């Protein structure tokens, strides 16, 4: 009876095809107990009124622990033109309006973590600074709505790109964006959900990051190229050893689109089975 989390985006639209209640029961039957949401918007999760989704998840024996959300300008219908990527002093009020409404909803959902998973546009040290200030202020807004954990941040690999000046410009030149995020976000306000796969895809070591910043990395995404253990990438034994040494209490399984024609439900099962059989996973 291991406790295992799932980032539901792993299932894509398979979660919403047919009988959603039965699909959530299948999630439980595969060995998952904890959910991180994706697809929240305007009081709904993947189009399902959020409290109805919560009830179906809970009736299946699942608990909603976390949610992935990205700031959007609700004046825009097109959900791609609505995504706020270019941070500025001017758009900050709109960003804070998003966080207030979203955090209020997630407090009603009883969600422990509220996490931004996509990087804003960052090409310079100054842009990174402003993004950090915005994250710090977002945390204040989120806590005021009742989510004590504040602002969480999930990375891909773009955060390991370096910002280097012209005079600054294999050799390392300039600072990695992620290092600037750690440095210039307030540890009492902002924490990190480290995606171990995308860290490796950014040429960095998630174990080293956990050792260096045990105070900042509080949640993990456990992810491989596809099904856990089938690639030459990822040392999950060391990743879990380090996770436990650090006292990290929450992780979520993630699976991107299967490359081999299989369904997401099939691959998600195989990921659970890997963890269930792994002696290093408690």
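Positions refer to the first chain, counted from 1.
- According to the PDB entry, the deposited sequence runs on from residue 77 to residue 78 with no residue lacking coordinates between them.
- Here 115 to 123 and 79 to 87 are compared by their mean Cα B-factor, and 79 to 87 comes out higher.
- The mean C-alpha temperature factor is higher for 172 to 180 when 172 to 180 and 131 to 139 are set side by side.
- Remark: residue 257 belongs to the highest third of its chain, ranked by C-alpha B-factor as recorded.
- When the CA B factors of the chain's modelled residues are split into thirds, the value for residue 164 lands in the highest one.
- Residue 10: CA B factor lies in the middle third for its chain, per the PDB record.
- In this PDB entry, the Cα temperature factor of residue 215 sits in the top third of its chain's modelled residues, the highest group.
- The entry lists a Cα temperature factor for residue 194 that places it in the middle third of the chain's modelled residues.
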